[PDB]
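Student: Sharing protein.pdb below, PDB, N, CA and C atoms:
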```
MODEL        1
ATOM      1  N   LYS A   1     -10.783   6.577  29.352  1.00  0.00           N
ATOM      2  CA  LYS A   1      -9.805   7.549  28.814  1.00  0.00           C
ATOM      3  C   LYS A   1      -9.291   7.106  27.446  1.00  0.00           C
ATOM      4  N   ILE A   2     -10.197   6.633  26.601  1.00  0.00           N
ATOM      5  CA  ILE A   2      -9.836   6.199  25.266  1.00  0.00           C
ATOM      6  C   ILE A   2     -10.682   6.925  24.226  1.00  0.00           C
ATOM      7  N   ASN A   3     -10.012   7.552  23.271  1.00  0.00           N
ATOM      8  CA  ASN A   3     -10.685   8.256  22.191  1.00  0.00           C
ATOM      9  C   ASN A   3     -11.206   7.261  21.166  1.00  0.00           C
ATOM     10  N   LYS A   4     -12.516   7.239  20.998  1.00  0.00           N
ATOM     11  CA  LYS A   4     -13.176   6.261  20.152  1.00  0.00           C
ATOM     12  C   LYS A   4     -13.347   6.792  18.744  1.00  0.00           C
ATOM     13  N   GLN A   5     -13.199   8.097  18.591  1.00  0.00           N
ATOM     14  CA  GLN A   5     -13.215   8.706  17.276  1.00  0.00           C
ATOM     15  C   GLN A   5     -11.970   8.267  16.521  1.00  0.00           C
ATOM     16  N   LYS A   6     -10.879   8.168  17.269  1.00  0.00           N
ATOM     17  CA  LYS A   6      -9.594   7.697  16.769  1.00  0.00           C
ATOM     18  C   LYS A   6      -9.733   6.408  15.994  1.00  0.00           C
ATOM     19  N   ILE A   7     -10.530   5.515  16.537  1.00  0.00           N
ATOM     20  CA  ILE A   7     -10.696   4.203  15.959  1.00  0.00           C
ATOM     21  C   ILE A   7     -11.261   4.272  14.539  1.00  0.00           C
ATOM     22  N   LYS A   8     -12.069   5.290  14.239  1.00  0.00           N
ATOM     23  CA  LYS A   8     -12.513   5.474  12.861  1.00  0.00           C
ATOM     24  C   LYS A   8     -11.441   6.181  12.080  1.00  0.00           C
ATOM     25  N   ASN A   9     -10.750   7.104  12.733  1.00  0.00           N
ATOM     26  CA  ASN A   9      -9.719   7.876  12.062  1.00  0.00           C
ATOM     27  C   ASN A   9      -8.687   6.953  11.439  1.00  0.00           C
ATOM     28  N   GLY A  10      -8.111   6.091  12.270  1.00  0.00           N
ATOM     29  CA  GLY A  10      -7.100   5.164  11.804  1.00  0.00           C
ATOM     30  C   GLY A  10      -7.656   4.129  10.857  1.00  0.00           C
ATOM     31  N   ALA A  11      -8.936   3.820  10.997  1.00  0.00           N
ATOM     32  CA  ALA A  11      -9.586   2.855  10.121  1.00  0.00           C
ATOM     33  C   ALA A  11      -9.937   3.495   8.781  1.00  0.00           C
ATOM     34  N   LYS A  12     -10.169   4.799   8.810  1.00  0.00           N
ATOM     35  CA  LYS A  12     -10.549   5.540   7.624  1.00  0.00           C
ATOM     36  C   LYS A  12      -9.318   5.889   6.801  1.00  0.00           C
ATOM     37  N   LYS A  13      -8.239   6.236   7.478  1.00  0.00           N
ATOM     38  CA  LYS A  13      -6.999   6.525   6.808  1.00  0.00           C
ATOM     39  C   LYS A  13      -6.246   5.240   6.562  1.00  0.00           C
ATOM     40  N   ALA A  14      -6.709   4.141   7.120  1.00  0.00           N
ATOM     41  CA  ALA A  14      -6.113   2.854   6.787  1.00  0.00           C
ATOM     42  C   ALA A  14      -6.384   2.559   5.330  1.00  0.00           C
ATOM     43  N   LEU A  15      -7.450   3.164   4.842  1.00  0.00           N
ATOM     44  CA  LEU A  15      -7.814   3.110   3.444  1.00  0.00           C
ATOM     45  C   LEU A  15      -7.232   4.319   2.723  1.00  0.00           C
ATOM     46  N   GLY A  16      -7.172   5.427   3.449  1.00  0.00           N
ATOM     47  CA  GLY A  16      -6.645   6.656   2.903  1.00  0.00           C
ATOM     48  C   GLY A  16      -5.161   6.557   2.677  1.00  0.00           C
ATOM     49  N   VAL A  17      -4.477   6.099   3.704  1.00  0.00           N
ATOM     50  CA  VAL A  17      -3.027   5.996   3.686  1.00  0.00           C
ATOM     51  C   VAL A  17      -2.590   4.788   2.883  1.00  0.00           C
ATOM     52  N   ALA A  18      -3.476   3.819   2.773  1.00  0.00           N
ATOM     53  CA  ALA A  18      -3.237   2.674   1.900  1.00  0.00           C
ATOM     54  C   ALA A  18      -3.107   3.140   0.456  1.00  0.00           C
ATOM     55  N   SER A  19      -3.730   4.269   0.161  1.00  0.00           N
ATOM     56  CA  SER A  19      -3.680   4.847  -1.163  1.00  0.00           C
ATOM     57  C   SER A  19      -2.518   5.816  -1.228  1.00  0.00           C
ATOM     58  N   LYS A  20      -1.741   5.823  -0.156  1.00  0.00           N
ATOM     59  CA  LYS A  20      -0.576   6.667  -0.051  1.00  0.00           C
ATOM     60  C   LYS A  20       0.667   5.797  -0.008  1.00  0.00           C
ATOM     61  N   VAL A  21       0.456   4.508  -0.263  1.00  0.00           N
ATOM     62  CA  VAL A  21       1.504   3.510  -0.147  1.00  0.00           C
ATOM     63  C   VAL A  21       1.391   2.490  -1.277  1.00  0.00           C
ATOM     64  N   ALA A  22       0.166   2.154  -1.643  1.00  0.00           N
ATOM     65  CA  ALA A  22      -0.073   1.196  -2.706  1.00  0.00           C
ATOM     66  C   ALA A  22       0.407   1.722  -4.058  1.00  0.00           C
ATOM     67  N   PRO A  23       0.063   2.972  -4.442  1.00  0.00           N
ATOM     68  CA  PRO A  23       0.468   3.513  -5.732  1.00  0.00           C
ATOM     69  C   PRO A  23       1.960   3.803  -5.766  1.00  0.00           C
ATOM     70  N   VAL A  24       2.543   4.002  -4.586  1.00  0.00           N
ATOM     71  CA  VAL A  24       3.965   4.301  -4.497  1.00  0.00           C
ATOM     72  C   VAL A  24       4.792   3.025  -4.648  1.00  0.00           C
ATOM     73  N   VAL A  25       4.357   1.942  -4.011  1.00  0.00           N
ATOM     74  CA  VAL A  25       5.041   0.657  -4.125  1.00  0.00           C
ATOM     75  C   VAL A  25       4.872   0.105  -5.512  1.00  0.00           C
ATOM     76  N   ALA A  26       3.814   0.522  -6.145  1.00  0.00           N
ATOM     77  CA  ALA A  26       3.580   0.187  -7.524  1.00  0.00           C
ATOM     78  C   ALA A  26       4.584   0.896  -8.419  1.00  0.00           C
ATOM     79  N   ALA A  27       5.344   1.804  -7.818  1.00  0.00           N
ATOM     80  CA  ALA A  27       6.433   2.479  -8.501  1.00  0.00           C
ATOM     81  C   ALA A  27       7.773   1.947  -8.002  1.00  0.00           C
ATOM     82  N   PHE A  28       7.794   1.526  -6.742  1.00  0.00           N
ATOM     83  CA  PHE A  28       9.000   0.995  -6.122  1.00  0.00           C
ATOM     84  C   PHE A  28       9.245  -0.431  -6.578  1.00  0.00           C
ATOM     85  N   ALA A  29       8.160  -1.158  -6.750  1.00  0.00           N
ATOM     86  CA  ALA A  29       8.213  -2.543  -7.164  1.00  0.00           C
ATOM     87  C   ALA A  29       8.274  -2.651  -8.682  1.00  0.00           C
ATOM     88  N   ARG A  30       7.287  -2.088  -9.378  1.00  0.00           N
ATOM     89  CA  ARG A  30       7.270  -2.171 -10.830  1.00  0.00           C
ATOM     90  C   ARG A  30       6.993  -0.802 -11.458  1.00  0.00           C
TER      91      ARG A  30
ENDMDL
END
```
Now, as a test, write the supplied structure out as structure tokens.
Tutor:
Amino acid sequence: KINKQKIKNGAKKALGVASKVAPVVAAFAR
């Protein structure tokens, strides 16, 4: 009962969402 597609989803947006946080902290920090 475990969704294995999820594991790519979160891994794919781990890069996607990382680009939703990295450029922002680059504004929050400097």
Student: Find the smallest box with edges along x, y and z containing every listed atom of stretch 9-19 of chain A, then add 6 Å on each side and report centre and edge lengths in Å to one decimal, as AutoDock Vina command-line options.
Tutor:
```
--center_x -6.6 --center_y 5.2 --center_z 5.8 --size_x 20.2 --size_y 17.3 --size_z 26.0
```
Student: State, in Å with one decimal place, the distance from atom C of residue A:4 to atom N of residue A:23.
Tutor: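 Separation of atom C of residue A:4 and atom N of residue A:23: 27.1 Å.
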Student: Quick one: distance from atom N of residue A:17 to atom C of residue A:5 in Å, one decimal?
Tutor: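 Those two atoms sit 15.0 Å apart.
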Student: Hey, what does DSSP flag as helix (DSSP H, G or I) within chain A? Can you give it to me as an mmCIF file with N, CA and C atoms, in the coordinates of the input?
Tutor:
```cif
data_model
loop_
_atom_site.group_PDB
_atom_site.id
_atom_site.type_symbol
_atom_site.label_atom_id
_atom_site.label_comp_id
_atom_site.auth_asym_id
_atom_site.auth_seq_id
_atom_site.Cartn_x
_atom_site.Cartn_y
_atom_site.Cartn_z
ATOM 1 N N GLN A 5 -13.199 8.097 18.591
ATOM 2 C CA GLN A 5 -13.215 8.706 17.276
ATOM 3 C C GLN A 5 -11.970 8.267 16.521
ATOM 4 N N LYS A 6 -10.879 8.168 17.269
ATOM 5 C CA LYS A 6 -9.594 7.697 16.769
ATOM 6 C C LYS A 6 -9.733 6.408 15.994
ATOM 7 N N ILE A 7 -10.530 5.515 16.537
ATOM 8 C CA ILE A 7 -10.696 4.203 15.959
ATOM 9 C C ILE A 7 -11.261 4.272 14.539
ATOM 10 N N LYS A 8 -12.069 5.290 14.239
ATOM 11 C CA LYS A 8 -12.513 5.474 12.861
ATOM 12 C C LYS A 8 -11.441 6.181 12.080
ATOM 13 N N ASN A 9 -10.750 7.104 12.733
ATOM 14 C CA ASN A 9 -9.719 7.876 12.062
ATOM 15 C C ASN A 9 -8.687 6.953 11.439
ATOM 16 N N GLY A 10 -8.111 6.091 12.270
ATOM 17 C CA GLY A 10 -7.100 5.164 11.804
ATOM 18 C C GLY A 10 -7.656 4.129 10.857
ATOM 19 N N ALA A 11 -8.936 3.820 10.997
ATOM 20 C CA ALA A 11 -9.586 2.855 10.121
ATOM 21 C C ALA A 11 -9.937 3.495 8.781
ATOM 22 N N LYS A 12 -10.169 4.799 8.810
ATOM 23 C CA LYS A 12 -10.549 5.540 7.624
ATOM 24 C C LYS A 12 -9.318 5.889 6.801
ATOM 25 N N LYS A 13 -8.239 6.236 7.478
ATOM 26 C CA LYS A 13 -6.999 6.525 6.808
ATOM 27 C C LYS A 13 -6.246 5.240 6.562
ATOM 28 N N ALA A 14 -6.709 4.141 7.120
ATOM 29 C CA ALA A 14 -6.113 2.854 6.787
ATOM 30 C C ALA A 14 -6.384 2.559 5.330
ATOM 31 N N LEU A 15 -7.450 3.164 4.842
ATOM 32 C CA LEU A 15 -7.814 3.110 3.444
ATOM 33 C C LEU A 15 -7.232 4.319 2.723
ATOM 34 N N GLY A 16 -7.172 5.427 3.449
ATOM 35 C CA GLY A 16 -6.645 6.656 2.903
ATOM 36 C C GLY A 16 -5.161 6.557 2.677
ATOM 37 N N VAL A 17 -4.477 6.099 3.704
ATOM 38 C CA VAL A 17 -3.027 5.996 3.686
ATOM 39 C C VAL A 17 -2.590 4.788 2.883
ATOM 40 N N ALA A 18 -3.476 3.819 2.773
ATOM 41 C CA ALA A 18 -3.237 2.674 1.900
ATOM 42 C C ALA A 18 -3.107 3.140 0.456
ATOM 43 N N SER A 19 -3.730 4.269 0.161
ATOM 44 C CA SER A 19 -3.680 4.847 -1.163
ATOM 45 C C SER A 19 -2.518 5.816 -1.228
ATOM 46 N N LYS A 20 -1.741 5.823 -0.156
ATOM 47 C CA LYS A 20 -0.576 6.667 -0.051
ATOM 48 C C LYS A 20 0.667 5.797 -0.008
ATOM 49 N N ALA A 22 0.166 2.154 -1.643
ATOM 50 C CA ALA A 22 -0.073 1.196 -2.706
ATOM 51 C C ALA A 22 0.407 1.722 -4.058
ATOM 52 N N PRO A 23 0.063 2.972 -4.442
ATOM 53 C CA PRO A 23 0.468 3.513 -5.732
ATOM 54 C C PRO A 23 1.960 3.803 -5.766
ATOM 55 N N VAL A 24 2.543 4.002 -4.586
ATOM 56 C CA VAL A 24 3.965 4.301 -4.497
ATOM 57 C C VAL A 24 4.792 3.025 -4.648
ATOM 58 N N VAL A 25 4.357 1.942 -4.011
ATOM 59 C CA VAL A 25 5.041 0.657 -4.125
ATOM 60 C C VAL A 25 4.872 0.105 -5.512
ATOM 61 N N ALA A 26 3.814 0.522 -6.145
ATOM 62 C CA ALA A 26 3.580 0.187 -7.524
ATOM 63 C C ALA A 26 4.584 0.896 -8.419
ATOM 64 N N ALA A 27 5.344 1.804 -7.818
ATOM 65 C CA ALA A 27 6.433 2.479 -8.501
ATOM 66 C C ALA A 27 7.773 1.947 -8.002
ATOM 67 N N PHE A 28 7.794 1.526 -6.742
ATOM 68 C CA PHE A 28 9.000 0.995 -6.122
ATOM 69 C C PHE A 28 9.245 -0.431 -6.578
#
```
Student: Expressed in Å to a single decimal, how great is the separation between atom N of residue A:18 and atom C of residue A:6?
Tutor: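 Atom-to-atom, atom N of residue A:18 and atom C of residue A:6 are spaced 14.9 Å apart.
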